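Visitor: Sequence lines, in order, name chains A and A'. A prime marks a further copy of an entry chain.
Residues 5 to 89 in the entry's author numbering are what the first sequence lists, from first letter to last.
Residues 5 to 89 in the entry's author numbering are what the second sequence lists, from first letter to last.
A virtual CB, placed ideally from N, CA and C, is assigned to each residue, including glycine.
Please see the structure below; I have some questions.
There are 2 protein chains.
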Amino acid sequence: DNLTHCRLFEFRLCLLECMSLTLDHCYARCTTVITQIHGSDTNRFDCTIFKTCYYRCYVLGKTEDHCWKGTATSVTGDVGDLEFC
Amino acid sequence: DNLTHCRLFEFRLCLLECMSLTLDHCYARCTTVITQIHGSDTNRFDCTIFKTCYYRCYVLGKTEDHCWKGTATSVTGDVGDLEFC
Ligand code: NA
Ligand code: NA
Ligand SMILES: [Zn+2]
Ligand SMILES: [Zn+2]
Numbered sequence: 005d006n007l008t009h010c011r012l013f014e015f016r017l018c019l020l021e022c023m024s025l026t027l028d029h030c031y032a033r034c035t036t037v038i039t040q041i042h043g044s045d046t047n048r049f050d051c052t053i054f055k056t057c058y059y060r061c062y063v064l065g066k067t068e069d070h071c072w073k074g075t076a077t078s079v080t081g082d083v084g085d086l087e088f089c
Numbered sequence: 005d006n007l008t009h010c011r012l013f014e015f016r017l018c019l020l021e022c023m024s025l026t027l028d029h030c031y032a033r034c035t036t037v038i039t040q041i042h043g044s045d046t047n048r049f050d051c052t053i054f055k056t057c058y059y060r061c062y063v064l065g066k067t068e069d070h071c072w073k074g075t076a077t078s079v080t081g082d083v084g085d086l087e088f089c
């Protein structure tokens, strides 16, 4: 897949666990840990686009589950995906 | 300032230098280096919003200088800033 380098399921599971523990700065801290484990490829801009689409949806609303499933099906990390995700 | 933790001028100067050297994956590699130097606070979502606004503008067009000046004046890192930046 074109986004395999982004480790996005790993990011998802990190954010869910971090929020379950009620920790501060989960987006930042998960991003950082995944960088430490899997390197700079997880911070490319296409990864950023997917994450922003997913996290805006998960911030501005609820059901993390539809936020993930919808982003995963319709977002390829193109900058244009922000217009609809 | 509310975005001082994001080290965004540092990011800007990194991206400009990296692109001047014609290197691969400058967005990713600058993000990663700034994380290594200044920690997880540089990866908060408000930082992500500012960077995405700036970099989309700098990708979809040119004059990096107006992309920076406009984002810096009108983007506070609110998720809603994506609608207009
Ligand atoms: Na990112
Ligand atoms: Na980021
Ligand atoms: Zn892993
Ligand atoms: Zn520094």
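Restricting to Cα atoms, I'd like to know which of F88/A, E68/A and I53/A is closest to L20/A.
Guide: Measuring from the Cα of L20/A, the nearest candidate turns out to be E68/A.
Visitor: Roughly how many angstroms lie between the CA atoms of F88/A' and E14/A, to the nearest whole one?
Guide: 31 Å
Visitor: Is DSSP giving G74/A' helix, strand or coil here?
Guide: helix
Visitor: Let me check you understand the geometry: is the CB of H29/A' closer than 8 Å to at least one non-hydrogen atom of ligand 4?
Guide: The answer is no for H29/A'.
Visitor: I need the straight-line Cα distance from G81/A to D5/A', nearest angstrom please.
Guide: 30 Å
Visitor: Is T39/A closer than 9 Å to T39/A' when the C-beta atoms are compared?
Guide: Their beta carbons are under 9 Å apart, which means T39/A' touches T39/A by this criterion.
Visitor: Kindly indicate if chain A' contains any beta-carbon less than 9 Å away from that of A76/A.
Guide: no
Visitor: In chain order, what residues have a CB nearer than 7 Å to some heavy atom of ligand 3?
Guide: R11/A, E14/A, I41/A and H42/A
Visitor: Pull up the distance between the alpha-carbon of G43/A and that of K73/A', whole angstroms please.
Guide: The alpha-carbon atoms of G43/A and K73/A' are separated by roughly 30 Å.
Visitor: For the alpha helix (DSSP H) that contains residue 4/A, what are its first and last residues?
Guide: Here chain A has residues from 5 to 89 only, and residue 4/A is not among them.
Visitor: Under 9 Å, Cβ to Cβ, is there at least one residue of chain A near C22/A'?
Guide: no
Visitor: With 16 as the cutoff for other CB atoms within 10 Å, does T36/A come out buried or exposed?
Guide: buried
Visitor: Please classify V63/A: is it buried, with 16 or more other beta-carbons within 10 angstroms of its beta-carbon, or exposed?
Guide: exposed
Visitor: Between which residues of its own chain and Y59/A is the CB-CB distance below 7 Å, once the five residues before and five after are set aside?
Guide: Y31
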